[PDB]
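Asker: Here you go, this is work_13.pdb (PDB, C-alpha atoms and all ligand atoms).
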```
ATOM      1  CA  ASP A  50    -139.668 119.028 134.222
ATOM      2  CA  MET A  51    -139.499 117.782 137.821
ATOM      3  CA  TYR A  52    -138.075 114.332 138.696
ATOM      4  CA  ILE A  53    -137.925 111.992 141.739
ATOM      5  CA  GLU A  54    -134.945 110.305 143.548
ATOM      6  CA  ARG A  55    -135.096 107.627 146.279
ATOM      7  CA  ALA A  56    -134.152 108.998 149.734
ATOM      8  CA  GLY A  57    -134.712 105.917 151.912
ATOM      9  CA  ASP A  58    -137.036 103.447 153.663
ATOM     10  CA  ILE A  59    -140.040 104.556 155.678
ATOM     11  CA  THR A  60    -139.413 103.029 159.120
ATOM     12  CA  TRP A  61    -139.900 104.151 162.732
ATOM     13  CA  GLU A  62    -136.464 104.265 164.422
ATOM     14  CA  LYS A  63    -135.901 103.878 168.212
ATOM     15  CA  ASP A  64    -133.453 106.240 170.060
ATOM     16  CA  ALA A  65    -134.137 109.045 167.524
ATOM     17  CA  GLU A  66    -133.346 112.780 168.104
ATOM     18  CA  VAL A  67    -136.379 113.864 170.259
ATOM     19  CA  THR A  68    -137.053 117.648 169.998
ATOM     20  CA  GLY A  69    -139.819 120.276 169.582
ATOM     21  CA  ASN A  70    -142.787 121.808 171.444
ATOM     22  CA  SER A  71    -146.553 120.953 171.034
ATOM     23  CA  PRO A  72    -148.479 124.236 170.619
ATOM     24  CA  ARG A  73    -152.286 124.677 170.445
ATOM     25  CA  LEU A  74    -153.197 127.267 167.796
ATOM     26  CA  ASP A  75    -156.469 128.815 166.606
ATOM     27  CA  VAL A  76    -156.257 128.754 162.777
ATOM     28  CA  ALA A  77    -158.442 129.194 159.574
ATOM     29  CA  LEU A  78    -158.052 127.376 156.239
ATOM     30  CA  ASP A  79    -159.145 129.219 153.080
ATOM     31  CA  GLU A  80    -160.217 127.924 149.626
ATOM     32  CA  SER A  81    -156.538 128.210 148.440
ATOM     33  CA  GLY A  82    -155.297 125.655 151.041
ATOM     34  CA  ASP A  83    -153.430 128.424 152.950
ATOM     35  CA  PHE A  84    -153.615 128.388 156.790
ATOM     36  CA  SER A  85    -153.772 131.614 158.885
ATOM     37  CA  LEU A  86    -153.392 132.383 162.618
ATOM     38  CA  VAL A  87    -156.759 133.626 163.908
ATOM     39  CA  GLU A  88    -157.143 135.464 167.248
TER      40      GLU A  88
ATOM     41  CA  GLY B  16    -139.178 103.657 136.667
ATOM     42  CA  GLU B  17    -138.212 102.883 140.281
ATOM     43  CA  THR B  18    -141.629 102.120 141.816
ATOM     44  CA  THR B  19    -140.157 100.774 145.132
ATOM     45  CA  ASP B  20    -141.968 101.852 148.293
ATOM     46  CA  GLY B  21    -140.200 104.569 150.307
ATOM     47  CA  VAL B  22    -139.511 108.270 150.734
ATOM     48  CA  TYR B  23    -138.400 110.233 147.618
ATOM     49  CA  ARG B  24    -137.069 113.747 146.843
ATOM     50  CA  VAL B  25    -138.840 115.981 144.289
ATOM     51  CA  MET B  26    -136.225 117.911 142.262
ATOM     52  CA  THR B  27    -136.238 120.479 139.436
ATOM     53  CA  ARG B  28    -133.580 121.533 136.906
ATOM     54  CA  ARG B  29    -135.565 124.686 135.770
ATOM     55  CA  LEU B  30    -133.429 127.008 137.972
ATOM     56  CA  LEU B  31    -129.584 127.134 138.551
ATOM     57  CA  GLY B  32    -128.350 123.611 139.293
ATOM     58  CA  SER B  33    -130.617 120.892 140.723
ATOM     59  CA  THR B  34    -133.046 122.410 143.251
ATOM     60  CA  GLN B  35    -135.150 120.247 145.615
ATOM     61  CA  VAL B  36    -138.783 121.493 145.648
ATOM     62  CA  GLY B  37    -140.197 118.916 148.104
ATOM     63  CA  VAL B  38    -140.469 115.285 149.262
ATOM     64  CA  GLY B  39    -142.990 112.478 148.668
ATOM     65  CA  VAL B  40    -143.987 108.896 149.455
ATOM     66  CA  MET B  41    -144.130 105.931 147.073
ATOM     67  CA  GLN B  42    -146.655 103.426 148.520
ATOM     68  CA  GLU B  43    -148.498 100.681 146.526
ATOM     69  CA  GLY B  44    -147.564 102.037 143.051
ATOM     70  CA  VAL B  45    -148.825 105.530 144.002
ATOM     71  CA  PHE B  46    -146.600 108.588 144.644
ATOM     72  CA  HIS B  47    -148.082 110.940 147.291
ATOM     73  CA  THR B  48    -146.847 114.515 147.755
ATOM     74  CA  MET B  49    -148.149 118.047 148.613
ATOM     75  CA  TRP B  50    -149.886 119.947 145.794
ATOM     76  CA  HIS B  51    -147.821 123.140 146.228
ATOM     77  CA  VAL B  52    -144.657 121.017 145.639
ATOM     78  CA  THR B  53    -145.505 120.048 142.058
ATOM     79  CA  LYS B  54    -148.615 122.164 141.243
ATOM     80  CA  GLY B  55    -150.086 119.125 139.447
ATOM     81  CA  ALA B  56    -147.175 118.755 137.021
ATOM     82  CA  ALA B  57    -146.136 115.333 135.698
ATOM     83  CA  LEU B  58    -143.047 113.939 137.461
ATOM     84  CA  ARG B  59    -140.333 111.639 136.056
ATOM     85  CA  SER B  60    -138.506 108.588 137.533
ATOM     86  CA  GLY B  61    -135.471 108.028 135.308
ATOM     87  CA  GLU B  62    -136.878 107.167 131.879
ATOM     88  CA  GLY B  63    -140.449 106.732 133.271
ATOM     89  CA  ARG B  64    -143.234 109.316 133.662
ATOM     90  CA  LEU B  65    -145.629 109.753 136.618
ATOM     91  CA  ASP B  66    -148.915 111.460 135.727
ATOM     92  CA  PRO B  67    -151.242 113.091 138.308
ATOM     93  CA  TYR B  68    -154.358 111.035 139.223
ATOM     94  CA  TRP B  69    -155.998 112.915 142.119
ATOM     95  CA  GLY B  70    -155.335 116.431 143.480
ATOM     96  CA  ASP B  71    -156.922 119.055 145.758
ATOM     97  CA  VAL B  72    -155.625 122.628 146.347
ATOM     98  CA  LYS B  73    -157.512 122.960 149.710
ATOM     99  CA  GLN B  74    -156.360 119.565 151.121
ATOM    100  CA  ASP B  75    -152.933 120.541 149.510
ATOM    101  CA  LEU B  76    -152.421 116.941 148.346
ATOM    102  CA  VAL B  77    -151.761 115.203 145.026
ATOM    103  CA  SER B  78    -151.285 111.507 144.100
ATOM    104  CA  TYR B  79    -149.541 110.009 141.010
ATOM    105  CA  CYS B  80    -150.417 106.758 139.121
ATOM    106  CA  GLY B  81    -153.446 106.003 141.330
ATOM    107  CA  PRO B  82    -155.770 106.963 144.167
ATOM    108  CA  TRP B  83    -154.555 108.087 147.634
ATOM    109  CA  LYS B  84    -153.244 105.049 149.622
ATOM    110  CA  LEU B  85    -152.239 106.590 152.983
ATOM    111  CA  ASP B  86    -155.110 106.108 155.461
ATOM    112  CA  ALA B  87    -153.510 105.838 158.969
ATOM    113  CA  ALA B  88    -154.210 108.554 161.563
ATOM    114  CA  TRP B  89    -152.698 110.304 164.606
ATOM    115  CA  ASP B  90    -154.260 109.017 167.847
ATOM    116  CA  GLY B  91    -154.060 112.405 169.640
ATOM    117  CA  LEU B  92    -151.878 110.904 172.394
ATOM    118  CA  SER B  93    -148.667 109.392 171.011
ATOM    119  CA  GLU B  94    -145.383 111.008 169.987
ATOM    120  CA  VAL B  95    -144.799 110.845 166.224
ATOM    121  CA  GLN B  96    -141.669 110.818 163.999
ATOM    122  CA  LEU B  97    -141.145 113.233 161.128
ATOM    123  CA  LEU B  98    -138.998 111.465 158.518
ATOM    124  CA  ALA B  99    -137.341 114.716 157.393
ATOM    125  CA  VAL B 100    -135.632 114.636 154.003
ATOM    126  CA  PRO B 101    -133.954 118.101 153.813
ATOM    127  CA  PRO B 102    -132.473 119.663 150.637
ATOM    128  CA  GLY B 103    -128.870 118.479 150.099
ATOM    129  CA  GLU B 104    -128.971 116.618 153.424
ATOM    130  CA  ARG B 105    -129.539 112.968 154.442
ATOM    131  CA  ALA B 106    -132.971 111.614 155.601
ATOM    132  CA  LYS B 107    -133.622 111.878 159.355
ATOM    133  CA  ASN B 108    -136.297 110.634 161.795
ATOM    134  CA  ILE B 109    -137.137 113.346 164.348
ATOM    135  CA  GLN B 110    -139.382 112.255 167.235
ATOM    136  CA  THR B 111    -141.734 114.965 168.594
ATOM    137  CA  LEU B 112    -145.116 115.242 170.378
ATOM    138  CA  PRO B 113    -147.556 117.084 168.095
ATOM    139  CA  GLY B 114    -149.821 119.989 168.992
ATOM    140  CA  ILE B 115    -153.342 120.877 167.877
ATOM    141  CA  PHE B 116    -154.618 123.139 165.077
ATOM    142  CA  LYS B 117    -158.101 124.221 166.258
ATOM    143  CA  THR B 118    -160.338 124.961 163.197
ATOM    144  CA  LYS B 119    -164.091 125.546 162.507
ATOM    145  CA  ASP B 120    -164.124 122.104 160.744
ATOM    146  CA  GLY B 121    -162.351 120.205 163.571
ATOM    147  CA  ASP B 122    -158.981 119.660 165.268
ATOM    148  CA  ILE B 123    -155.829 118.638 163.352
ATOM    149  CA  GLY B 124    -152.356 117.514 164.486
ATOM    150  CA  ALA B 125    -149.330 119.829 164.210
ATOM    151  CA  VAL B 126    -145.540 119.309 164.150
ATOM    152  CA  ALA B 127    -143.377 122.273 165.280
ATOM    153  CA  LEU B 128    -139.963 121.686 163.662
ATOM    154  CA  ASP B 129    -137.702 124.232 161.893
ATOM    155  CA  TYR B 130    -136.848 123.022 158.347
ATOM    156  CA  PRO B 131    -136.432 124.618 154.863
ATOM    157  CA  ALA B 132    -139.455 124.929 152.522
ATOM    158  CA  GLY B 133    -137.918 122.209 150.290
ATOM    159  CA  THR B 134    -138.568 119.639 153.081
ATOM    160  CA  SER B 135    -142.363 119.863 152.121
ATOM    161  CA  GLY B 136    -143.835 116.381 151.568
ATOM    162  CA  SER B 137    -141.927 114.481 154.277
ATOM    163  CA  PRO B 138    -144.060 111.790 155.947
ATOM    164  CA  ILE B 139    -145.089 112.009 159.586
ATOM    165  CA  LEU B 140    -144.945 108.476 160.997
ATOM    166  CA  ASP B 141    -146.484 106.627 163.918
ATOM    167  CA  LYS B 142    -144.814 104.005 166.249
ATOM    168  CA  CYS B 143    -145.837 101.383 163.554
ATOM    169  CA  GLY B 144    -143.994 103.219 160.714
ATOM    170  CA  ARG B 145    -147.282 103.983 158.919
ATOM    171  CA  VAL B 146    -147.663 107.391 157.266
ATOM    172  CA  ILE B 147    -150.217 109.408 159.261
ATOM    173  CA  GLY B 148    -149.813 112.616 157.160
ATOM    174  CA  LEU B 149    -147.441 114.962 155.276
ATOM    175  CA  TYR B 150    -145.311 117.894 156.574
ATOM    176  CA  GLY B 151    -145.264 121.199 154.627
ATOM    177  CA  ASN B 152    -148.528 123.140 155.091
ATOM    178  CA  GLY B 153    -149.280 125.259 158.105
ATOM    179  CA  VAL B 154    -148.587 128.643 159.628
ATOM    180  CA  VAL B 155    -145.905 131.197 160.650
ATOM    181  CA  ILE B 156    -145.748 132.102 164.368
ATOM    182  CA  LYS B 157    -144.522 135.276 166.321
ATOM    183  CA  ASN B 158    -140.925 133.920 166.216
ATOM    184  CA  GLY B 159    -140.848 133.539 162.387
ATOM    185  CA  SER B 160    -140.914 129.720 162.850
ATOM    186  CA  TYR B 161    -143.247 127.358 160.903
ATOM    187  CA  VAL B 162    -145.805 124.999 162.457
ATOM    188  CA  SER B 163    -147.053 122.492 159.915
ATOM    189  CA  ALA B 164    -150.299 120.546 160.174
ATOM    190  CA  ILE B 165    -150.448 116.729 159.877
ATOM    191  CA  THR B 166    -152.100 116.548 156.396
ATOM    192  CA  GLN B 167    -153.711 113.178 155.607
ATOM    193  CA  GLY B 168    -155.815 112.291 152.529
ATOM    194  CA  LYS B 169    -158.830 110.018 152.064
ATOM    195  CA  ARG B 170    -158.511 106.358 150.938
ATOM    196  CA  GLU B 171    -161.560 105.230 148.893
TER     197      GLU B 171
HETATM  198  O1  LIG C 201    -144.524 128.000 151.946
HETATM  199  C1  LIG C 201    -144.687 126.916 152.493
HETATM  200  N1  LIG C 201    -145.745 126.113 152.239
HETATM  201  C2  LIG C 201    -146.793 126.357 151.317
HETATM  202  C3  LIG C 201    -146.569 127.182 150.216
HETATM  203  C4  LIG C 201    -147.593 127.458 149.327
HETATM  204  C5  LIG C 201    -148.848 126.912 149.560
HETATM  205  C6  LIG C 201    -149.090 126.131 150.681
HETATM  206  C7  LIG C 201    -148.068 125.839 151.576
HETATM  207  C8  LIG C 201    -150.535 125.722 150.701
HETATM  208  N2  LIG C 201    -150.932 125.961 149.306
HETATM  209  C9  LIG C 201    -150.121 127.068 148.779
HETATM  210  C10 LIG C 201    -143.736 126.459 153.555
HETATM  211  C11 LIG C 201    -142.912 127.406 154.144
HETATM  212  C12 LIG C 201    -141.951 127.056 155.076
HETATM  213  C13 LIG C 201    -141.807 125.716 155.423
HETATM  214  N3  LIG C 201    -140.904 125.210 156.372
HETATM  215  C14 LIG C 201    -141.013 123.915 156.442
HETATM  216  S1  LIG C 201    -142.188 123.164 155.402
HETATM  217  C15 LIG C 201    -142.615 124.752 154.807
HETATM  218  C16 LIG C 201    -143.561 125.106 153.851
END
```
Please express what this file holds, its structure, as structure tokens.
Answerer:
Amino acid sequence: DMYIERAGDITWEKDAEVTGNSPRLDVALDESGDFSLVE
Amino acid sequence: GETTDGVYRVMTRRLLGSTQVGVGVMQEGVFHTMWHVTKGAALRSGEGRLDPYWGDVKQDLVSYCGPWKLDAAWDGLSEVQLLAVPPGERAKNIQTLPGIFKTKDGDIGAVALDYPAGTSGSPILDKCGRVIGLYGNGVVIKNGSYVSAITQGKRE
């Protein structure tokens, strides 16, 4: 049996840690909800 | 039990100790998470029981106690914030500019951040704090890293 626990408020916070690239990828989604990189 | 709006951890006691399996969002009496996190199983909030209401294996989404309530969307231009709730670690807003997942059905947003699989279900937020999708379903790139899509449901 799974259970839930509160982790916090959903708010946008200023001066947050800004990181990460923005890549454009050609993908395919199957009937099982699994994505795959297509080339 | 606790039906307060906010981000929540999904945990299981089936294995050794208490293992986090994912994250979710309580919004308007409805708990929203990714399908692969729970697999449609009933969750529990203290003494209370959350039963699945809607679920789709292709959308990879599942709602509890009612229909899907998150309807906001990425604008294609603005930087977003992933409210990352990692296993054993404190919640954290991480600002990033998303990329694009080009598909035969249309383009989707994509956050490229390196987090454990147990972080699946964390809300991706806009500058207004609204939930524009969930983190946890995407692809594995040449570097072994994960690039998750911005998965939003449909409000009826
Ligand atoms: O395995 C993952 N996700 C997943 C698993 C099983 C299924 C689906 C997605 C779609 N329906 C079947 C995963 C792996 C790494 C990771 N790192 C951050 S979030 C994250 C998710």
Asker: Could you tell me which residues the PyMOL selection byres ((chain B) within 8 of (chain A)) returns for this structure, as a PyMOL selection string?
Answerer: chain B and resi 20-29+53+56-61+72-75+96+98+100+105-106+108-119+125-128+140-145+152-156
Asker: Would you mind exporting the chosen residues as a PDB file, keeping the file's coordinate frame, restricted to C-alpha atoms?
Answerer:
```
ATOM      1  CA  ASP B  20    -141.968 101.852 148.293  1.00  0.00           C
ATOM      2  CA  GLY B  21    -140.200 104.569 150.307  1.00  0.00           C
ATOM      3  CA  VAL B  22    -139.511 108.270 150.734  1.00  0.00           C
ATOM      4  CA  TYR B  23    -138.400 110.233 147.618  1.00  0.00           C
ATOM      5  CA  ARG B  24    -137.069 113.747 146.843  1.00  0.00           C
ATOM      6  CA  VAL B  25    -138.840 115.981 144.289  1.00  0.00           C
ATOM      7  CA  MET B  26    -136.225 117.911 142.262  1.00  0.00           C
ATOM      8  CA  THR B  27    -136.238 120.479 139.436  1.00  0.00           C
ATOM      9  CA  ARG B  28    -133.580 121.533 136.906  1.00  0.00           C
ATOM     10  CA  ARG B  29    -135.565 124.686 135.770  1.00  0.00           C
ATOM     11  CA  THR B  53    -145.505 120.048 142.058  1.00  0.00           C
ATOM     12  CA  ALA B  56    -147.175 118.755 137.021  1.00  0.00           C
ATOM     13  CA  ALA B  57    -146.136 115.333 135.698  1.00  0.00           C
ATOM     14  CA  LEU B  58    -143.047 113.939 137.461  1.00  0.00           C
ATOM     15  CA  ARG B  59    -140.333 111.639 136.056  1.00  0.00           C
ATOM     16  CA  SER B  60    -138.506 108.588 137.533  1.00  0.00           C
ATOM     17  CA  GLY B  61    -135.471 108.028 135.308  1.00  0.00           C
ATOM     18  CA  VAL B  72    -155.625 122.628 146.347  1.00  0.00           C
ATOM     19  CA  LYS B  73    -157.512 122.960 149.710  1.00  0.00           C
ATOM     20  CA  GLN B  74    -156.360 119.565 151.121  1.00  0.00           C
ATOM     21  CA  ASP B  75    -152.933 120.541 149.510  1.00  0.00           C
ATOM     22  CA  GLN B  96    -141.669 110.818 163.999  1.00  0.00           C
ATOM     23  CA  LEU B  98    -138.998 111.465 158.518  1.00  0.00           C
ATOM     24  CA  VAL B 100    -135.632 114.636 154.003  1.00  0.00           C
ATOM     25  CA  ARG B 105    -129.539 112.968 154.442  1.00  0.00           C
ATOM     26  CA  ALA B 106    -132.971 111.614 155.601  1.00  0.00           C
ATOM     27  CA  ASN B 108    -136.297 110.634 161.795  1.00  0.00           C
ATOM     28  CA  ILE B 109    -137.137 113.346 164.348  1.00  0.00           C
ATOM     29  CA  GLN B 110    -139.382 112.255 167.235  1.00  0.00           C
ATOM     30  CA  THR B 111    -141.734 114.965 168.594  1.00  0.00           C
ATOM     31  CA  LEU B 112    -145.116 115.242 170.378  1.00  0.00           C
ATOM     32  CA  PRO B 113    -147.556 117.084 168.095  1.00  0.00           C
ATOM     33  CA  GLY B 114    -149.821 119.989 168.992  1.00  0.00           C
ATOM     34  CA  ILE B 115    -153.342 120.877 167.877  1.00  0.00           C
ATOM     35  CA  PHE B 116    -154.618 123.139 165.077  1.00  0.00           C
ATOM     36  CA  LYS B 117    -158.101 124.221 166.258  1.00  0.00           C
ATOM     37  CA  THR B 118    -160.338 124.961 163.197  1.00  0.00           C
ATOM     38  CA  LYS B 119    -164.091 125.546 162.507  1.00  0.00           C
ATOM     39  CA  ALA B 125    -149.330 119.829 164.210  1.00  0.00           C
ATOM     40  CA  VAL B 126    -145.540 119.309 164.150  1.00  0.00           C
ATOM     41  CA  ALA B 127    -143.377 122.273 165.280  1.00  0.00           C
ATOM     42  CA  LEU B 128    -139.963 121.686 163.662  1.00  0.00           C
ATOM     43  CA  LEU B 140    -144.945 108.476 160.997  1.00  0.00           C
ATOM     44  CA  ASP B 141    -146.484 106.627 163.918  1.00  0.00           C
ATOM     45  CA  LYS B 142    -144.814 104.005 166.249  1.00  0.00           C
ATOM     46  CA  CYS B 143    -145.837 101.383 163.554  1.00  0.00           C
ATOM     47  CA  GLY B 144    -143.994 103.219 160.714  1.00  0.00           C
ATOM     48  CA  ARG B 145    -147.282 103.983 158.919  1.00  0.00           C
ATOM     49  CA  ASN B 152    -148.528 123.140 155.091  1.00  0.00           C
ATOM     50  CA  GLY B 153    -149.280 125.259 158.105  1.00  0.00           C
ATOM     51  CA  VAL B 154    -148.587 128.643 159.628  1.00  0.00           C
ATOM     52  CA  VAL B 155    -145.905 131.197 160.650  1.00  0.00           C
ATOM     53  CA  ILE B 156    -145.748 132.102 164.368  1.00  0.00           C
TER      54      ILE B 156
END
```
Asker: Identify which of the residues B:49, B:165, B:123, B:147 lies closest to ligand LIG 201 (chain C), counting all atoms listed in the file when measuring atom-to-atom distances.
Answerer: B:49
Asker: If you apply the PyMOL selection byres (((chain B and resi 169) around 8) and not hetatm) to this file, what residues do you get, as a ChimeraX atom specification?
Answerer: /B:83-86,167-168,170-171
Asker: Record the distance separating atom CA of residue 135 of chain B and atom CA of residue 37 of chain B, expressed in Å with one decimal.
Answerer: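 Interatomic distance here is 4.7 Å.
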Asker: Extending 8 Å beyond the listed atoms of ligand LIG 201 (chain C) on each side, what axis-aligned box results? I want centre and edge lengths in Å to one decimal, as JSON.
Answerer:
```
{"center_x": -145.9, "center_y": 125.6, "center_z": 152.6, "size_x": 26.0, "size_y": 20.8, "size_z": 23.7}
```
Asker: Pick out the closest residue to residue 124 of chain B from this set: B:82, B:39, B:67, B:91. Count only C-alpha atoms.
Answerer: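 The answer is B:91, which sits nearest to residue 124 of chain B.
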Asker: Using 6 Å as the limit and counting all atoms listed in the file, can you tabulate each residue of chain B that touches ligand LIG 201 (chain C), with its shortest atom-to-atom distance in Å and the two atoms involved, as JSON lines?
Answerer:
```
{"residue": "B:51", "atom": "CA", "partner": "C:LIG201", "partner_atom": "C5", "distance": 5.1}
{"residue": "B:75", "atom": "CA", "partner": "C:LIG201", "partner_atom": "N2", "distance": 5.8}
{"residue": "B:130", "atom": "CA", "partner": "C:LIG201", "partner_atom": "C14", "distance": 4.7}
{"residue": "B:131", "atom": "CA", "partner": "C:LIG201", "partner_atom": "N3", "distance": 4.8}
{"residue": "B:132", "atom": "CA", "partner": "C:LIG201", "partner_atom": "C13", "distance": 3.8}
{"residue": "B:134", "atom": "CA", "partner": "C:LIG201", "partner_atom": "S1", "distance": 5.6}
{"residue": "B:135", "atom": "CA", "partner": "C:LIG201", "partner_atom": "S1", "distance": 4.7}
{"residue": "B:151", "atom": "CA", "partner": "C:LIG201", "partner_atom": "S1", "distance": 3.7}
{"residue": "B:152", "atom": "CA", "partner": "C:LIG201", "partner_atom": "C7", "distance": 4.5}
{"residue": "B:161", "atom": "CA", "partner": "C:LIG201", "partner_atom": "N3", "distance": 5.5}
```
Asker: Of the residues B:137, B:33, B:18, B:166, which is the one nearest to residue 65 of chain B, using all atoms listed in the file?
Answerer: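 The answer is B:18, which sits nearest to residue 65 of chain B.
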Asker: Measure the distance from atom CA of residue 47 of chain B to atom CA of residue 78 of chain B in Å and round it to one decimal.
Answerer: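 So the answer is 4.6 Å.
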Asker: Let me make sure I understand: among B:62, B:71, B:90, B:104, which one has the smallest atom-to-atom distance to residue 35 of chain B if we use all atoms listed in the file?
Answerer: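 Of all the options, B:104 lies closest to residue 35 of chain B.
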Asker: Pick the closest to residue 148 of chain B from B:36, B:88, B:95, B:162: which is it, counting all atoms listed in the file?
Answerer: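 Looking at the shortest contact to residue 148 of chain B, the residue is B:88.
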